[PDB]
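Only one structure is covered here, and it is reproduced in the block below.
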Amino acid sequence: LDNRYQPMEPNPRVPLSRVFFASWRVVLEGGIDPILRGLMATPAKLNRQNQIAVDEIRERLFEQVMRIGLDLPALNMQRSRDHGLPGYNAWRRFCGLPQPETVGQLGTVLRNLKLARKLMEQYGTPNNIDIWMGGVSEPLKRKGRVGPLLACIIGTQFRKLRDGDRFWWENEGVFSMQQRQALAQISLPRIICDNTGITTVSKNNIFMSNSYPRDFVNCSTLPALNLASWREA
Amino acid sequence: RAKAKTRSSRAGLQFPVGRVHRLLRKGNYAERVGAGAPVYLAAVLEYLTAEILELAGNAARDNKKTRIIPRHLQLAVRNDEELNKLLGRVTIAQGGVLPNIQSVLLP
Amino acid sequence: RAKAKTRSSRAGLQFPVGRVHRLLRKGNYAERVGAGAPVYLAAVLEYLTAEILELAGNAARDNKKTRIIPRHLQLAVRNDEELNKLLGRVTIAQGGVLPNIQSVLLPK
Amino acid sequence: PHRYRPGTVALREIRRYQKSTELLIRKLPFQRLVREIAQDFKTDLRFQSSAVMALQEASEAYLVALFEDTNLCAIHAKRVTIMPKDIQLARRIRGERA
Amino acid sequence: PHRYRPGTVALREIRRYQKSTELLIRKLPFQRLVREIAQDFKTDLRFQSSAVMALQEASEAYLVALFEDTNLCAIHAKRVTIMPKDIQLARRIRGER
Amino acid sequence: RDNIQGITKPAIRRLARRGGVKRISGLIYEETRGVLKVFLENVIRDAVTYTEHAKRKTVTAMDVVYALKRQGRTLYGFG
Amino acid sequence: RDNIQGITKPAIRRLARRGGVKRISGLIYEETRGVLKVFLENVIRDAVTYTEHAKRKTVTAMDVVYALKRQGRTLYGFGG
Amino acid sequence: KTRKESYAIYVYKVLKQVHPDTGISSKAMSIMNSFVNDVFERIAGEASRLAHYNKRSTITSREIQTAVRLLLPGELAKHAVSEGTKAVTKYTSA
Amino acid sequence: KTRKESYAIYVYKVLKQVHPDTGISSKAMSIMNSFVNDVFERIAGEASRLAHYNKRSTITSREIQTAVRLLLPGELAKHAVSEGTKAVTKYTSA
DNA sequence: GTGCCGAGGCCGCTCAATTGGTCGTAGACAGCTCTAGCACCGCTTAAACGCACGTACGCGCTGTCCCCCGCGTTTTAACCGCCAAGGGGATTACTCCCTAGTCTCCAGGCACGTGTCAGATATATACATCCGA
DNA sequence: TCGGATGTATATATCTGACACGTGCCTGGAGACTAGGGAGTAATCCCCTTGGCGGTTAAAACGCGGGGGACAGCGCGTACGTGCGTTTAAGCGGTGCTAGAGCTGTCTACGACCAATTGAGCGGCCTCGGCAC
Ligand SMILES: *[C@@H]1O[C@H](CO[C@@H]2O[C@@H](C)[C@@H](O)[C@@H](O)[C@@H]2O)[C@@H](O[C@@H]2O[C@H](CO)[C@@H](O[C@@H]3O[C@H](CO[C@H]4O[C@H](CO)[C@@H](O)[C@H](O)[C@@H]4O)[C@@H](O)[C@H](O[C@H]4O[C@H](CO)[C@@H](O)[C@H](O)[C@@H]4O)[C@@H]3O)[C@H](O)[C@H]2NC(C)=O)[C@H](O)[C@H]1NC(C)=O
């Protein structure tokens with residue numbers, strides 16, 4: 001997108017199979033400002049039980065730099081098998097969730113009976129369902145984008161990464177109280193305003209605002225990071 | 001005129017913004033009530049209701065039950081530290097008590 | 001016109017009926033406030049104040065002092081069952097505590 | 001002549017009644033007690049069934065919480081038997097009889 | 001070499017401190033503690049003298065009531081010495097735990 | 001009118017079992033009856049006051065709920 | 001910044017004596033310090049919230065009174 | 001400065017009526033003012049809740065009487081009700 | 001027959017949002033309605049007291065946010081504040 | 001496996017929420033001001049701190065026996081299914097009296113100024129009380 | 001069971017500062033009206049509360065046997081109160097600076113208020129499957 005958040009000619013919409021390992025687009029095609037604008041002002045893709053992954057990554061992944069296109073979900077499940085990860089039921093048991101055994105129980109858990117029939121036909125038992133497939137086939141949590149199993153795993157991992165980190169910014173002795181309060185005023189919109197030539201930037205929760213110009217403000221209204229607390233005397 | 005649009009739909013909620021506004025206006029709380037107060041109150045009420053309902057549904061599922069009864073509500077409230085702190089002096093009818101036996105009384 | 005008379009004077013009260021009425025009207029309590037509510041409230045407040053002050057003055061006289069200090073108020077409050085029940089969750093500044101010692105802790 | 005230990009059936013009852021939500025007091029005697037108590041405040045009084053039910057629920061919850069506190073007090077004194085002094089101490093510390 | 005039996009001076013101090021109304025905690029250390037606690041909530045926070053005094057009075061009254069309940073708990077267990085378990089039991093029964 | 005005895009010893013024992021009590025002394029029942037009588041007296045007095053203020057001869061569930069809420073014992077399930 | 005030690009053992013002993021305590025264990029002082037810190041944290045947090053809502057930088061006695069009343073600890077003689 | 005009103009002079013008149021010789025200090029006056037304000041707030045809030053429960057938009061003497069009966073315990077409620085009824089009758093007589 | 005309003009439709013809508021298959025009972029609806037009313041009353045009263053303390057005649061979003069921070073404990077207050085801020089921003093945009 | 005009663009779904013309709021304009025006042029903002037909170041500084045000195053002793057007390061072990069728990073039997077009344085009368089809760093219409101609202105004004109209450117007398121602070125004394133002898 | 005010895009209440013001087021009185025002023029409470037709607041008072045409808053009856057059987061009361069736990073000694077170590085000597089910031093009093101709480105003057109935009117419109121939700125009525133048995 002250009003300065004007015006309109007499609008940028010030429011090539012406003014480029015297929016993903018033509019952008020993999022293409023740094024010449026970053027170099028010779030206007031830099032990173034249009035790319036950041038497109039990231040900020042374009043809706044993402046919703047995860048639906050009948051619309052999981054697009055064909056760009058499923059049929060034509062790394063097509064230009066390889067002898068044949070790859071299959072990203074197939075690679076995910078083959079990697080899960082390569083890593084020797086347990087099945088869907090084992091991880092449901094791990095997170096304290098009920099483990100379905102029949103097609104009816106799997107349909108009740110997934111809230112999609114036809115998907116349960118498809119999974120039963122492909123695998124034969126819920127215990128053999130790969131972790132990625134079962135995680136992305138579960139209905140999404142309210143105000144969330146992962147199923148209960150994926151939410152459990154991700155929350156546990158990030159809680160461990162936060163509490164187990166000695167140099168956590170909120171940990172005492174890492175940052176001073178004034179420095180912590182100054183850091184509390186940061187925002188990715190402010191970073192984009194400071195480090196690029198973009199003057200109109202989405203509002204708070206940059207990961208939610210996607211429609212121009214309803215949720216876009218001027219770059220000057222964003223509070224800046226006050227580094228005066230870092231002065232040593 | 002233009003087609004009517006509920007304020008809850010504009011705010012993206014499911015709790016009634018208009019009813020909350022009317023209750024605030026007729027509840028003898030202040031001389032005037034702002035236009036953003038009902039939206040905030042409805043959002044907070046919806047969030048709390050969703051939290052407790054989700055916990056109660058999880059408790060009901062743990063008991064192999066299809067419906068939510070007051071026992072599941074009590075189990076959801078008393079097993080959550082923050083909800084228990086909020087509903088500390090509150091008695092839920094037909095809720096029972098949390099199963100807990102002191103260690104010294106065990107054989 | 002006529003010689004203005006305070007509403008407290010008509011009711012034989014030393015507490016302000018007009019001020020209580022104004023506080024009731026501007027206190028966001030109800031849409032309308034009746035004419036007899038301020039008189040009743042002022043009378044109740046005056047009675048409670050008179051009783052607590054009588055007990056505090058009795059305590060001060062028992063302490064051979066003239067002026068009333070918070071210690072006398074605390075003694076008066078805690079030595080009356082009804083007032084203690086009314087002020088159970090109230091902390092009086094510079095009031096101390098009622099002198100008591102458990103019988104087992106006594107030397108014997 | 002299979003006789004259980006003097007503590008097995010008590011623990012069984014504890015596990016049984018901590019998993020249910022019923023009312024442990026018979027409804028008719030409690031209703032009669034409520035009416036007898038209310039006779040001291042206003043003669044010729046009528047009661048809704050929901051009012052008596054709410055009173056029973058509140059009383060049962062209050063008694064259960066008081067008994068939990070009393071059990072804590074008894075355990076504090078290195079005992080397993082619930083005694084009236086434990087109830088009195090719990091009521092004092094709670095602020096009821098204080 | 002005169003010497004008082006253990007317990008007499010304790011009762012004397014009880015009778016002395018149950019008669020006076022003065023604050024039993026030093027003012028400056030309590031002010032420093034209050035400022036240190038309030039630092040976690042705001043920067044460059046200023047305190048009125050009356051605010052610190054009110055905080056001290058409330059804290060002292062709360063601690064005195066807690067110690068009364070603790071003494072009751074210790075006496076219940078056929079003891080005259082208060083222990084942390086008595087404080088924990090009192091705070092549980094009060095509902096502060 | 002001796003209805004405080006209607007709360008029988010097995011009922012008090014059941015209420016204690018729900019509270020996790022393993023052993024009960026023989027003198028606990030009278031104390032529990034007295035405590036229950038005091039609590040019911042307070043709640044019923046408040047409810048009857050609420051009923052008289054409403055100019056009614058019938059005690060409703062709302063009166064009991066308000067009486068309990070006035071004592072910091074909010075009850076959910078009756079309005 | 002270790003100001004919790006400013007509440008010395010003699011001060012806690014005096015507070016216990018005012019409460020009618022004859023004998024005090026050696027581990028009581030740490031428990032008392034922790035309880036005091038928790039109580040002060042709650043009250044001061046409420047007071048700071050009240051002050052911040054008023055767009056003020058000075059914590060007044062009335063904010064402390066409102067906080068204590070919120071916890072159910074109405075205090076007489078300070079403010080009104 | 002600005003006028004900050006309080007129940008100080010009225011409390012002094014009541015004290016002089018009760019004890020014609022004793023005085024009062026500033027801290028005791030502050031405590032009495034806080035007590036009066038607290039009791040006023042309690043009774044007014046109870047009366048407001050009573051009026052809201054009965055779907056009435058007016059606080060009358062009956063609401064204040066019921067609030068006093070609910071809050072004040074034992075003989076305090078009876079004596080306060082008697083004093084308030086006497087004051088209301090005297091006010092409405094003149 | 002008079003019309004009695006309650007938060008039953010909205011609670012059912014939220015339940016279907018969370019648990020589409022799980023149903024609810026009548027007593028659970030009564031408890032939900034009582035809980036919603038109690039929380040509403042608590043927040044509204046705290047906001048009213050905040051407005052009265054600062055000598056304001058208007059209850060705004062700031063008063064509600066501060067009341068939520070004061071009453072709701074721990075992370076509940078933060079999450080509720082975030083949800084309310086998002087709702088207010090969305091309403092202001094639309 | 002049964003079935004049945006309570007949760008779920010569907011249709012009037014009506015009142016409460018929405019939409020479109022105005023008014024005036026509550027709140028936002030800029031500016032001054034002058035309390036009052038904060039930051040050194042020295043001197044007492046009262047209180048905190050460190051320490052040794054011994055003695056009273058907390059804690060563990062042991063034995064009694066009595067009080068409480070478990071179980072069988074009989075009695076009691078709780079519980080449940082109908083039936084009837086009716087007191088009283090709940091709703092509706094009229095109107096009238098009680099309360100909100102407004103202009104005038106004047107006196108009660110608040111801010112300021114002050115002085116003297118209850119009250120805080122030594123001081124020597126007389127007891128009050130406690131601990132071997 | 002009495003002498004010393006430690007601590008405390010008491011009556012007596014001696015400053016002292018704050019509480020009560022006096023005065024000026026101002027703003028809000030009272031006097032005298034007008035307008036409108038909240039509710040007080042009848043009247044009516046039906047519903048849910050109370051009283052009654054009888055049959056089942058679940059539960060409470062009573063009694064008996066036994067074991068285990070509450071309570072009273074008894075001992076033993078230990079740790080906490082008491083007193084003394086050393087140290088340390090607490091407190092008091094003055095001094096200086098300026099941050100911000102508070103009051104004043106402008107102004108505008110936002111919520112209360114009013115009128116017209118319509119559809120959201122509440123009550124009534126089926127209908128079937130989740131759960132008590
Ligand atoms: C068969 O045993 C399974 C395993 O049993 C384990 O070993 C035996 C001998 C016992 O000791 C048993 O207690 C052990 O669990 C058992 O499945 C187990 O079920 C539990 C309870 O659902 C699972 O625990 C839950 O795990 C997750 C993740 O937390 C864990 O992992 C992370 C990372 O390692 C750690 O940081 C955590 O501390 C835990 O170790 C959570 O979902 C959950 O905690 C959250 O949820 C509960 C309630 O939902 C809340 O109370 C908590 O506060 C948290 O919010 C639990 O901790 C356990 O993972 C699982 N084990 C395995 C190996 O899958 C199974 O039930 C047994 N089968 C039968 C039929 O009984």
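Order determines the names: the first chain of the structure tokens is A, the second B, and so forth; residues in each chain are numbered 1 upward, and ligands are numbered 1 upward as they are shown.
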Practice task
Report as a PyMOL selection string: the residues of segment 8-85 of chain E with a DSSP assignment of strand (DSSP E or B), based on the backbone of this structure.
Solution key: chain E and resi 46-47+81-82
For the residues selected in the previous step, produce a file with N, CA, C and O atoms as an mmCIF file, in the first residue's frame.
data_model
loop_
_atom_site.group_PDB
_atom_site.id
_atom_site.type_symbol
_atom_site.label_atom_id
_atom_site.label_comp_id
_atom_site.auth_asym_id
_atom_site.auth_seq_id
_atom_site.Cartn_x
_atom_site.Cartn_y
_atom_site.Cartn_z
ATOM 1 N N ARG E 46 3.708 12.048 46.624
ATOM 2 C CA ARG E 46 3.835 12.859 47.824
ATOM 3 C C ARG E 46 2.777 12.441 48.836
ATOM 4 O O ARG E 46 1.651 12.100 48.467
ATOM 5 N N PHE E 47 3.150 12.460 50.111
ATOM 6 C CA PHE E 47 2.277 12.031 51.193
ATOM 7 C C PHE E 47 2.034 13.190 52.144
ATOM 8 O O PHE E 47 2.980 13.864 52.563
ATOM 9 N N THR E 81 1.898 -18.760 75.560
ATOM 10 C CA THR E 81 2.806 -18.178 74.582
ATOM 11 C C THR E 81 2.143 -18.193 73.212
ATOM 12 O O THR E 81 1.677 -19.241 72.757
ATOM 13 N N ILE E 82 2.098 -17.034 72.560
ATOM 14 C CA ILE E 82 1.525 -16.948 71.223
ATOM 15 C C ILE E 82 2.534 -17.464 70.206
ATOM 16 O O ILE E 82 3.750 -17.328 70.373
#
Handout entry: Contacts with ligand 1 at most 6 Å, only C-alpha atoms (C1' of nucleotides) and all ligand atoms counted, listed as number ranges by chain
Key = A: 93-96
Exercise for the section: For segment 19-36 of chain I, work out the shell of residues within 7 Å, counting only C-alpha atoms (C1' of nucleotides) and skipping chain neighbours fewer than 3 positions away, then give it as number ranges by chain. Expected result: B: 45, 57, 66-70; F: 76-79; I: 6-8, 15-16, 39-40
Practice task
May I have the residues within 12 Å of residue 70 of chain G as a PyMOL selection string, using only C-alpha atoms (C1' of nucleotides) and disregarding those fewer than 4 positions away in the same chain?
Solution key: (chain C and resi 89) or (chain G and resi 42-47+50+63-66+74-75) or (chain I and resi 42+45-46+49-50+67+70-71)
Per residue of segment 8-96 of chain D within 10 Å of segment 64-71 of chain J, note the shortest atom pair and the distance in Å to one decimal, counting only C-alpha atoms (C1' of nucleotides), and order the rows by chain and increasing residue number, as a Markdown table.
| residue | atom | partner | partner_atom | distance |
| --- | --- | --- | --- | --- |
| D:8 | CA | J:70 | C1' | 9.6 |
| D:9 | CA | J:70 | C1' | 7.9 |
| D:10 | CA | J:69 | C1' | 8.4 |
| D:81 | CA | J:68 | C1' | 9.3 |
Exercise for the section: Based on DSSP run over this structure's backbone, return all residues of chain I in helix (DSSP H, G or I), as a PyMOL selection string. Expected result: chain I and resi 8-18+26-53+61-71+75-93
Exercise for the section: Would you mind listing what lies within 9 Å of segment 1-16 of chain B as a ChimeraX atom specification, with only C-alpha atoms (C1' of nucleotides) counted and same-chain residues fewer than 2 positions away left out? Expected result: /B:18-21,38-39,42-43,45-46 /I:7,9-11,13-14,86-94 /J:17-20 /K:117-119
At most 12 Å is the cut-off: for each residue in segment 31-126 of chain K with any atom that close to an atom of segment 19-36 of chain F, write down the nearest atom pair and the distance in Å rounded to one decimal, counting only C-alpha atoms (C1' of nucleotides), chain first then increasing number, as a tab-separated table.
residue	atom	partner	partner_atom	distance
K:68	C1'	F:23	CA	11.6
K:69	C1'	F:23	CA	10.2
K:70	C1'	F:25	CA	11.0
Prev. selection, N, CA, C and O atoms (P, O5', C5', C4', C3', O3' and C1' of nucleotides), output as an mmCIF file, in the first residue's frame:
data_model
loop_
_atom_site.group_PDB
_atom_site.id
_atom_site.type_symbol
_atom_site.label_atom_id
_atom_site.label_comp_id
_atom_site.auth_asym_id
_atom_site.auth_seq_id
_atom_site.Cartn_x
_atom_site.Cartn_y
_atom_site.Cartn_z
ATOM 1 P P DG K 68 -9.640 -48.616 68.167
ATOM 2 O "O5'" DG K 68 -9.499 -47.038 67.930
ATOM 3 C "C5'" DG K 68 -10.661 -46.206 67.941
ATOM 4 C "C4'" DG K 68 -10.438 -44.943 68.767
ATOM 5 C "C3'" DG K 68 -8.984 -44.518 68.943
ATOM 6 O "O3'" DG K 68 -8.926 -43.109 69.138
ATOM 7 C "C1'" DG K 68 -9.881 -44.968 71.034
ATOM 8 P P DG K 69 -8.813 -42.098 67.895
ATOM 9 O "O5'" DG K 69 -9.121 -40.669 68.549
ATOM 10 C "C5'" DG K 69 -10.408 -40.400 69.104
ATOM 11 C "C4'" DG K 69 -10.306 -39.696 70.454
ATOM 12 C "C3'" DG K 69 -9.092 -38.790 70.646
ATOM 13 O "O3'" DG K 69 -9.434 -37.752 71.543
ATOM 14 C "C1'" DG K 69 -9.040 -40.452 72.263
ATOM 15 P P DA K 70 -9.515 -36.224 71.058
ATOM 16 O "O5'" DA K 70 -10.065 -35.463 72.350
ATOM 17 C "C5'" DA K 70 -11.231 -35.947 73.005
ATOM 18 C "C4'" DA K 70 -11.174 -35.698 74.505
ATOM 19 C "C3'" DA K 70 -10.275 -34.559 74.952
ATOM 20 O "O3'" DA K 70 -10.850 -33.940 76.093
ATOM 21 C "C1'" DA K 70 -9.450 -36.611 75.829
#
Exercise for the section: Would you give me, as a PyMOL selection string, the residues of chain C that come within 8 Å of chain H, using only C-alpha atoms? Expected result: chain C and resi 7+10-16+24+29-37+39-50+53-54+57+66-70+73+82+85-86+92-93
Completion exercise
In Å and to one decimal, atom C1' of residue 54 of chain K is distant from atom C1' of residue 83 of chain J by 12.6 Å
Problem - Residues within 8 Å of segment 218-221 of chain A, only C-alpha atoms (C1' of nucleotides), excluding chain neighbours under 6 positions, as a ChimeraX atom specification - result: /A:190,193,198-201
